[PDB]
Every structure is written in C-alpha cells, then in structure tokens.
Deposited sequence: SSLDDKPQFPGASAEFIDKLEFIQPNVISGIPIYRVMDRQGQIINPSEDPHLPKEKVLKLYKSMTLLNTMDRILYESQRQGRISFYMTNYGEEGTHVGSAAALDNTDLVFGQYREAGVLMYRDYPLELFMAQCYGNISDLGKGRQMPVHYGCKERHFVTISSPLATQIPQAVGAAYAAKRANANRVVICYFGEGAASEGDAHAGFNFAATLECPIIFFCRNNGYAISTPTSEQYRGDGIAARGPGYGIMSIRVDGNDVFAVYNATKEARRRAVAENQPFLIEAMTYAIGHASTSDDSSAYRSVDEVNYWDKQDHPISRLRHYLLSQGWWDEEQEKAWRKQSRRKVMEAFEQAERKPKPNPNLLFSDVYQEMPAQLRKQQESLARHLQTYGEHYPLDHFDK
C-alpha cells in the first residue's frame, strides 16, 4: 500500500468502522463525592495554601454570581452569565497554568480571572460599563479581559477564539516562550466551523495549545443528542491527531492533574492537547472540595461561616462602589475603532458634541463622565 494520504495495510473484506459511543472514553476522576482520594498514585498533594486558594476562589465566584444574577433580574445590569457548575473546571485548570500562559475563552471563564486575582472592582466595572472599566463600557456584561493577567477579551460570537488561540500558540512557539495557550469553549461551540479550523491547524502546525472543552450536556435548550452523535468532543481529538482525555469537571483535582500534564507536554513537544470536562448544566465542585478540606483538617464550620460573611462583604462593597460610579465620557464611543482616529470619524464625534450642546437635555448626560 503506497498511498501518500495514509499509513495502512490492505484488508480483503468489506468492514465499516463503527463508532464506540455506548462505551466511550472513560471519565478521569481523582476524588469521590465524599472528597476521598481514590488512587493515591493520582494525588497531586497540592499544599494547603494552594488548596484553600482553590476553595476560596470558587466560593467567592459563587457569591459574586448570586449578587450579579439578582442585579440582572432587576435590570440594574443588562445581561449576566453565571459560573454555577463550572467553578471547579476553571479554578482547577487555572491553578495548573503558569501565570503568564495566555487564556482565550468565552462566557464561563470568570473563575480563571478570580484565581489570577482579578479585582472584584473590575468584574463589576465591566458589568456596569462604568469609568473604571478598561473596556470603556463598550461590550455587554461579562465580556471580561485583562492584559496584565493574560486573559484575552471575550467576544459574543461563539468559537471564534479557537483558531485565534492556535495562532497565538504558533507565535509563542516561535518566540521560544516556554508558554502555553489554553482555549476554553463549550460542547455547543464545538459544532462551529471555527472549532474544526482550530483543531486541525493546531495539529498540522504543531502548536503548544490546550483545548479545554466544557461539556455540560446542553447549549441553551439543545441537548447533546441534537448537537453531535459521536462520543462527545474527546473522541474527535484522535481524528485530528490530538492527544485527548476526558475528566470529571466536578473534581478540581482531576481537572488540575489533566491540565498540568497537558501543559507540560504541550510546551515540551509543541503539540495540542484536548481535555473534555464533563459538568452539569444548571455533587458540585465546591462541596466535593469542602469534604476534602475537612478530611485533612483544613477547614471547619467556623471557618466556613466567617468566609461566607467576609466574601459577601467584599462583594457587596465592590457592587455598591460600582453602581455609584459614573459611566465614561461619551467621547469614548469613537476611540479605538482604529488605533488612530480617522478624520471622518473625528467629524462624527464633533457632530455629536455640537448636537449635545443644543439637545443635551434630552440625553442622560449627568450619568456620564465630564
């Protein structure tokens, strides 16, 4: 058999290759629902300070979510996506990265930022579009970004970040960076053409990227039975030549271990890795980790209570400050369209300023800076 497209024997009988979907790729798990390590050889033995940071990052995210979800129901902010059920996938993976590894994602990734110490004030600034927002109030709520923390600004169109993440990874390879790129997306988003683009480019171009697919069984109302018919997303990886694994997304340690090993190999080998974390669309990552903490003697109900109180205060202080800040100067609607402002765009800005000088009483000028 001398065919350039594939490496294979001949076969002299007709046999279609069947998918193995009923017996899929198994789900890697480190701890059970009572927080006990199942297989000691798989214990990451993370130090107490780090495990507590995982726990506190996850619960602070959950506290933030409760307050901002309510704010959205009241129309104080215009849009909100929660992180419920995704706290462990995000904090556990983030902890396995180097602080300078570049992150691309979308809507369920706030925990990565929280782990990287993004200020409550700045999550809130974006959701309120206030003067403190480095995004200048231009995008809908939860479209976070931080240059300092290597977290590329979210955009609404699904899966667009996937081939972008691959290009950034290719660039890091050339820079001899010893840096990885991680790219988060849901199982729905994986149906987009851009996911096929990204997966294939990462493999053929040998890029140090981790693809992190969260599979929670639903994309809005659509169950995965209407989304795909193979064995989830993990089973697609081998067909692209991508090393793949599936993990229990309610187990921070499983997620951490898979991510840490993917990162190690991706940087060293210049090859992509795919992790599919199984979660629930909304036996929660926070409970499981809590049971682990208790078994080590690392937490108790007094600490649980005090932290609940302290974190609610911290979130409420940031929330209140965020609501009271003015919005940015309306002039900022015109900047950053290009790096420089074209003359014809400046003319539009001048047209707005002339209009507001005459008709300004009909606009919410008192709410916006200067």
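Would you list the gaps, meaning deposited-sequence stretches without C-alpha coordinates, in the order they occur?
Several regions go unmodelled: 1-6, 289-312.
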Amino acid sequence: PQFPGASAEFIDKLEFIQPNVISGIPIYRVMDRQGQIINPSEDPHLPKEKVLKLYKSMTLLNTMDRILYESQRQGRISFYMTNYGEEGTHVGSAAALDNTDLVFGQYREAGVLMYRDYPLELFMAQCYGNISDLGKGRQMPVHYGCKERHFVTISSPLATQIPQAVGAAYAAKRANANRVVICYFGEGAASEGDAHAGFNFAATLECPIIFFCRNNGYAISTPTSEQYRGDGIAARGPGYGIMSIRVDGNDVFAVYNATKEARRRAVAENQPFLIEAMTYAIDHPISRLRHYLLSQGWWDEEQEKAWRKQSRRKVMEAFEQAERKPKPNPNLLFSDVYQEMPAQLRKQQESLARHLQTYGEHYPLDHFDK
From here on, numbers count along this sequence of modelled residues.
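Identify the stretch, either 31-39 or 326-334, whose C-alpha atoms have the larger mean B-factor according to the entry.
Of 326-334 and 31-39, the stretch with the higher C-alpha B-factor average is 31-39.
Can you let me know which of the two, 345-353 or 15-23, has the higher average C-alpha B-factor in the entry?
Stretch with the higher mean C-alpha B-factor: 15-23.
Pick out which of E226, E148, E109, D283 has the highest C-alpha B-factor in the PDB entry.
Result of the comparison over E226, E148, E109, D283: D283.
Lowest, middle or highest third of the chain for the C-alpha temperature factor of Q74?
For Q74, whose C-alpha B-factor we compare with every modelled residue in the chain, the answer is the highest third.
Within this chain, which third does the Cα B-factor at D300 fall in: lowest, middle or highest?
For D300, whose C-alpha B-factor we compare with every modelled residue in the chain, the answer is the highest third.
Based on the deposited C-alpha B factors for this chain, I'd like to know if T59 is in the lowest, middle or highest third.
As the PDB entry reports it, the C-alpha B-factor of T59 lands in the middle third of its chain.
Third assignment of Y218 from its chain's C-alpha B-factors:
According to the entry, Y218 has a C-alpha B-factor in the chain's lowest third.
Would you check the entry's CA temperature factor for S191 and let me know if it's in the chain's lowest, middle or highest third?
Bottom third by C-alpha B-factor.
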